[PDB]
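Since every read-out is calculated from the coordinates, none of them should be taken as a lab result. Cβ placement follows ideal geometry from the backbone for every residue including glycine, while neighbour counts extend to all protein chains displayed.
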Amino acid sequence: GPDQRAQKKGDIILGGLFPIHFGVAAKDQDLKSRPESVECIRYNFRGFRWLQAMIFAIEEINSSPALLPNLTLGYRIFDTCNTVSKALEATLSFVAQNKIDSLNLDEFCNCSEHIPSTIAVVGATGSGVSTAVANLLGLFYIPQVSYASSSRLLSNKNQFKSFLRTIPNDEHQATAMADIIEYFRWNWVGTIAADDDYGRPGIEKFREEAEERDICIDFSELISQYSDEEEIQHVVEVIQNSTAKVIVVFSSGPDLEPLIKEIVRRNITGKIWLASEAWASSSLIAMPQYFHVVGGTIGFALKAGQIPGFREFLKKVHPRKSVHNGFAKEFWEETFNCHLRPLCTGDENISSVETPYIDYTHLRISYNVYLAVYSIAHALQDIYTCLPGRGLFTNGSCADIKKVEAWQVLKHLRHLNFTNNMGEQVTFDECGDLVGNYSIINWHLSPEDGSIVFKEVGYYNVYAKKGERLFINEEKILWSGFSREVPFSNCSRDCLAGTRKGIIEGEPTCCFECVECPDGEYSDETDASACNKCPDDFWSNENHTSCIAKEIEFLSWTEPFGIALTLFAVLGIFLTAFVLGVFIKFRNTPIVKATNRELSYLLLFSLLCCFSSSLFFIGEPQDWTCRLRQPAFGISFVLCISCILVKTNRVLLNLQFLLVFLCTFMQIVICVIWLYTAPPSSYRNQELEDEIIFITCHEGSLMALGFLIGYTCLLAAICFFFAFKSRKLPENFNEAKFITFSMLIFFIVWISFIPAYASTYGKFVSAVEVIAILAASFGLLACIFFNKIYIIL
Amino acid sequence: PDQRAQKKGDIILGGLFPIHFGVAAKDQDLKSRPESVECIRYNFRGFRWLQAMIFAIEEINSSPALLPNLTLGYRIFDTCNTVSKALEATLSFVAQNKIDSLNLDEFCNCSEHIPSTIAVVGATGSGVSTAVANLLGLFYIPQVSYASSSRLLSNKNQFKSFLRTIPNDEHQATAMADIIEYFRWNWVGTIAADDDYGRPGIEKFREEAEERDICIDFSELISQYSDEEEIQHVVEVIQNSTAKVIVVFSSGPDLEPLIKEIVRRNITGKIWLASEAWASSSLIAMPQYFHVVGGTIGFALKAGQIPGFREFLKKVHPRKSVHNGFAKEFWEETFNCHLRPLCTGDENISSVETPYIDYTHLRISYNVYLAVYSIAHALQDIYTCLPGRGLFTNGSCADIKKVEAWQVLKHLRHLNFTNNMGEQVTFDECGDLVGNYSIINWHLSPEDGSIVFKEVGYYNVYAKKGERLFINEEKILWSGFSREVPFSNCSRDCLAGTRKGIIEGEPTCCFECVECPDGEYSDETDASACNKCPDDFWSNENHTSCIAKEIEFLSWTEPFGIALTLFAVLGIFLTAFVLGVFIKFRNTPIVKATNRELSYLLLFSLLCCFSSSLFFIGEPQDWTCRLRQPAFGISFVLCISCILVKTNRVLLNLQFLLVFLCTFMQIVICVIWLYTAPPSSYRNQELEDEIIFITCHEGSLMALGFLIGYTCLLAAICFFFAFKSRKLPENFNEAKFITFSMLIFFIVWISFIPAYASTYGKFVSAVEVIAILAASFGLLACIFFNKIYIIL
Ligand SMILES: CC(C)(Cc1ccc2ccccc2c1)NC[C@@H](O)COc1cccc(Cl)c1C#N
Ligand SMILES: CC(C)(Cc1ccc2ccccc2c1)NC[C@@H](O)COc1cccc(Cl)c1C#N
């Protein structure tokens, strides 16, 4: 197959596929010549590290007497070259003998089995590469234990029949990222994904999970190492134009480094980085000089494994010692820039030169290679101890450990369950997937150099139930580089009491607009979807803090206008009592004998009842009070006006007393008949002003109250007209002139109150009316009596 | 598999066709030895296609102009629609090249018993063909598929030898979108198969729909494994839509349960978009079911031209077939016996009707024929190649006996030839063909009653977008026997007069018709908003346009106007009668009794008052509204002052000067305030939307109150001066009539003020006049009438 290979032949052969070259040189064949295979022109240090890890694991299983004794494990490692075709060719190389045996018309070669039967293949890294290799291998039922290919597409086992892997699936990684976002109560986070089969499925699963967990995705940008600098700067700009301070990065370190450089140039030190496993264990991004730019990064990393003497084994790389692996020779030349360019001697010191794969603090992928190799070796050991009555096949059938076939190793690897050298339990299911415990780490400085120290800040345990898989000690984690405070990640602040969240079209539900509740609608609890409207009995303050009270409004005994009205009423009652006492004392004085004694007594009584009816419209209104406040005025003042009228009728020239009685009787019958027809009541009219409520009175019929007020006005007009005819004539101590003057006062008041009844309607209606009915009373009882007092005291 | 279709020749062609349609219904638990299992459901049409390939090979052999004296061999493997089976066959094809390429494997010392195959025909499974090309692309061995059509197969970062003889599904989806767009429909429901054919097609159709504003109601997936509940849900969502045009992108077996369910529920009359998969399938198209699903339009491949193909099909025989083992199986399953009862194999299939024998068109077989002839033409291109002249580096090309696949691939990627019918066929470097899709609609034949597929148009890819599709709509019979294009918009176009408003919850193509508000007009059908009329006009009930709002003010010609004109002319007649009586008599005793000049002034003021009544008439003007109130003031104050100076001298040339002084003070106040704030005319629209009123507004309301109060006060003074003096007779008892006339004036004022208030409306300019005239009609009557009564 490929010219470069690592081959050693023993009794058992394991497939080998790792990318030792960093990149294949892209090339399009002109088709004018015979087929040409594209070639890699780069070199990968970590791929060589993983290859060395596989070789050391195989050698250590060979040396260990307890595991697989009396056996030799050979290897055939072919560089992936990051190419599907190269891996397919290498896989073909692996399957030579069983393919020849299983293909008709090829048995005629009479082959002597020149290729030992490869049992299983370690690799490969490329996910689609792994898919194709599994497609080809499942035809022969030869197991493939991948170490770096992780994708939910690899979980489809209708095309795969021998697929197994030793790397956590991307579904778990995306779900763990979603769990990290959900745990810290964030909903506004940016997402960046790699433009490959590793980042795109991850971000798709992340979005699908965020749909369930009510998590929003501000932006979904794809970056790589081939993206233009303009694209990277555009990503940086939309990051700055983003409210989210938490950025979930699901990509590789090489894919992220240009963006990291651009952000470092622009000094954005407020973004929280969620790190995928690919770039959480890379030294291309972990730059302490850049730490303050990207400090506080949270990431998933594989726990360090136990590989004794791995660094010493790496120091044993030598083109002379290593003859079964040619790749090392290449790694030699690039270190010294010689080609045996000057000639290499093969003895130059290498301990004083550092390359990325030599330096490590923890092992993540080499550990996966080690575990996969040991899983294969443990299946081989289960075959080694197989007995006629032991094994996973019926009839208790086993196979020779020296002639082991892959169609038996496949069953052993599917039902395998053992313990690691550290003590970790390793098992497999019907899916054949191995998922480990991701370690959640943050970035810290060192108080001696300042180097980035990966402090374990939590663990994600896949063996636990979902909802408890994540554990994070928030105390250790730094935020914004070194600060100790959970950063705020929401599209909008939580609307406090008095502000509701209003759904806004064109934005996801996580981003809400806070809206002030209308007055009269209360929001007691913070973060309420709507504003609860207060009951009509009360009303809401602007703070909307649990609406408490409202404003009742009506005339009261205690208030400035109320005090003035009370004083005026008591003065009027005092004058009325003065007149009554003067009348009581004198019985046969000439001036009293001049007018009719009974009629004057009736007039005084009607004036008293009028002053009382003035007081009758006071205090908080009641149904009967509003039912009678107008009839009281009507009847009382009509009685008084009719008494004055019958004085004037006899003046002009016991009929007069009966006339007063008949008039007041007709009015009172009308009043009671209409009162039974439609009684006035009291209404608590809220719809006048929201803040203040008025409890007023409403009549049975407006026109019928107009009838009574017009009746009183008409009787007053008749009295005034009669006195006006008699104004000049002096009779009964010139009573007629005072009658005219008093009727003038009453008619003036009746004209005057109505503009004040209308203009200053407000609350003071119940006020103004009284200050009318009293004052008009204060007129009459004064005038028609004052003169008679002035001479008789 | 253990059965193969192999014939040996100088050149070997690869064959991958599904002889069986199903797959093994059991996957082992691997508790026993693991081994491949066999597909269990046969496919007659796959064997038919294999026979078509064999017939094409035989035709090439018989033709003396294409590859003479060169036998074309074949190695055809049954697919089972299985990925691994095709992978094993591909391995079989690439044995020698791989072994030579493999290191430490050439020690097998193979004599190269079977030469490497140059090209592979097949396969049907698109996902299968994916891995097939993945493996073949390693060695650059051309693979010309015939039934695998998918845009996912158009990738060229992995497919490096892939070619196909079936047009890409992108063209099919775009053509479906073009059918929807051409017939002007926006609401269509889409059903797709749960496989590698329906799903990419519906995805591409959805992608194309956004560009062409096509809207998709529902996207449902159906398959042969779907329960009856799923199919019934699909039927319900079909019935729950206004769309009669159904975009169906599915295979026949997947669609058949849905077809049976719809036939059961009797939904008569619909439009179906038929994919190539079910363009003419006998599992769907049946004469009995025509009335249920009549009016179907679908895409099909062009009819092929393969003479003798039916004869070769009639020539199949298990004893006469030595290079095709599967034919034996074809003889068994048809007759339900093995070569249960046994058969010798001496039967005949010509007289027995089976789906294999029956056919009316050639779509897949034509693709197989075209692929085989394309490979043959590439071989002939190698045949004509020279070592110093060719399409290669330095003209290097090996002998025809030493044919290599990579030489075949270069010729195939640049092929441009003509068919037996003469049609031009060319390929590209994308592995795609540029074939044309014909459009077929279902018609009944009154000769038999069978369904006849009439070619109603074509979708040609040799033209740019917007012109590729060509349909003769006249031929098409719609749902049932209807000749009218069915309606398939989301909702009817909002008629001019009502607007279309956006609603969220359904695609923006679907709109809500809302009646335009009054004051805004909709002059165009389908407008997102209602155009507001200019404030000079107002919209009619139909809201079609706004042509007339209303013009409102007192006019000479109207019932109240006629009454007012009659009353005014009567008043002017009485005034002229008084004036003439005054003119005639000069020294009569009654005129000498009162001051002659003062009475003349009173008559003049009454005339000016009647004129001022007329002054508030017709359409208002700036100066007219500027003076209509001062005119009343000045004139009636002059009259009232003349009566007042009569009364003042009665009670006991000062009186005339007093009138002049009073009217002068009023007129100076009037002019000073008139220069301060002139009244004008306002065309108040905000009183009622339909009708606009042109009224007058003063400079200051309180200032007009001043003048009216001045007039009322002078009237009160006159009434008082004549009130107590009512009894005293002087100057023919003038005082009594003075009191009576002042009463009339005051009554009229208190009478029109509530009339001015209540019936405001239009009749303000009416009511005021019927006041100012009637009050005038009072005074000029009273203070004069008595004097006429005795003197005539
Ligand atoms: C009639 C009166 C004003 C009582 C009253 C008091 C003192 C007086 C003193 C001197 C002479 C007459 C007097 C009359 N009470 C009427 C009010 O309650 C009720 O009226 C209304 C009630 C409802 C709606 C309206 Cl729009 C009105 C009025 N307008
Ligand atoms: C004062 C007058 C009514 C003229 C007039 C006519 C005839 C008369 C006959 C006898 C005695 C007085 C008379 C007065 N013109 C007033 C009207 O234009 C304008 O007033 C208003 C204008 C605007 C708004 C209001 Cl709310 C009012 C009133 N209110």
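Of the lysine pairs in segment A:647-793, how many meet both conditions: Cα atoms under 22 Å apart, and a spacing of 8 or more in sequence or different chains? Summing the qualifying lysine pairs gives 9. Computed about the Cα centre, the dipole magnitude for segment A:492-549 is approximately 120 debye when only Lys and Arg (+1) and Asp and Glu (-1) carry charge, each at its Cβ.
The mean count of C-beta atoms from other chains within 10 Å of the C-beta of residues in A:538-550, rounded to a whole number, is 0.
A full extension of the chain between B:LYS475 and B:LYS401 corresponds to an added length of 21.2 nm, given 0.36 nm per residue minus the alpha carbon distance. Pop the C-beta distance of A:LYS725 and A:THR760 into the FRET formula with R0 = 41 Å and round what comes out to the nearest 0.05. For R0 = 41 Å, the calculated efficiency reads 0.65. Only one residue of A:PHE56, A:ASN98, A:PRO19 has its Cα farthest out toward the positive end of the dipole of segment A:18-116, where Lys and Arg carry +1 and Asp and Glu -1 on Cβ, and that residue is A:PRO19.
Peptide A:33-43 has a mean shielding of 3, counted as Cβ atoms of other protein chains within 10 Å of each residue's Cβ.
The modelled label-to-label distance between A:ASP536 and A:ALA594, using points 7 Å beyond Cα along the C-beta direction, is 6.1 nm.
Scalar couplings 3J(HN,Hα) for segment B:270-284, obtained by applying the Karplus form with A = 6.51, B = -1.76, C = 1.60 to θ = phi - 60°, are 7, 10, 10, 8, 9, 6, 4, 4, 10, 4, 9, 5, 6, 6, 10 Hz; x denotes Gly and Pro. When the listed pairs A:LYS8/B:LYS31; B:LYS315/B:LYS454; A:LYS27/B:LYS410 are checked against a 21 Å cut-off, the alpha-carbon distance exceeds it for A:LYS8/B:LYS31; B:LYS315/B:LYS454. Once the gyration tensor of the Cα atoms in chain A is diagonalised, the equivalent ellipsoid follows with semi-axes of 114, 26, 21 Å, ordered largest first. A straight Cα-to-Cα reach below 18 Å connects A:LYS533 with the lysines A:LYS501, A:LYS550, residues fewer than 8 places away in its own chain not being considered. Across segment B:8-18, coupling constants 3J(HN,Hα) worked out from phi with the 6.51/-1.76/1.60 Karplus curve, θ = phi - 60°, read 9, x, 5, 10, 10, 10, x, x, 9, 9, x Hz, and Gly and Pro carry x. The Cα center of segment B:125-178 and the Cα center of segment A:679-703 differ in position by 86 Å. With labels modelled as points extended 7 Å from the Cα through the Cβ direction, what inter-label distance (nm, one decimal) is found for A:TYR790 paired with A:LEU105? Reported label-point gap for A:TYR790 and A:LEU105 is 15.0 nm. Projecting the Cα positions of B:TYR373, B:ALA193, A:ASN649 onto the charge dipole of the protein assembly as shown (unit charges on Cβ atoms of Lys, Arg, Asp and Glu, taken about the Cα centre) puts A:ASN649 furthest along the positive direction.
Centre-to-centre separation between the Cα atoms of segment A:184-213 and those of segment A:573-638: 91 Å. Take each residue in A:93-105, count the other chain C-beta atoms within 10 Å of its C-beta, and the mean is 4. Along the axis of the charge dipole computed for segment B:474-586 (Cβ charges of +1 for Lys and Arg, -1 for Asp and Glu, origin at the Cα centre), the listed residues B:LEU554, B:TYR521, B:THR565 are led at the positive end by B:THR565.
Taking label points 7 Å from Cα along the Cα-to-Cβ direction, A:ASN158 and A:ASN337 give a separation of 5.7 nm. For B:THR165, the amide hydrogen comes within under 5 Å of the amide hydrogens of B:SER145, B:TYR146, counting only partners 5 or more places away or on other chains and with H modelled in the peptide plane.
FRET efficiency for B:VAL37 and A:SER112, Cβ-Cβ distance as r, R0 = 25 Å, nearest 0.05?
0.20
With R₀ fixed at 51 Å, the C-beta to C-beta distance from A:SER242 to B:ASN489 puts the FRET efficiency at about 0.80. The alpha carbons of the protein assembly as shown give a radius of gyration and a Dmax of 56.2, 169 Å, in that order. Rounded to the nearest 20 debye, the dipole magnitude of the protein assembly as shown is 5820 debye, with +1 charges on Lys and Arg beta carbons, -1 on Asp and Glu beta carbons, and the Cα centre as origin. Amide H contacts under 5 Å for B:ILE271: B:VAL245, B:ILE246, restricted to partners 5 or more places along the chain or on a different chain, H placed in the peptide plane at 1.01 Å from N. Centre-to-centre separation between the Cα atoms of segment B:43-60 and those of segment B:505-548: 67 Å.
Sorted fewest first by neighbouring Cβ atoms within 10 angstrom, A:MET743, A:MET666 come out as A:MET666, A:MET743.
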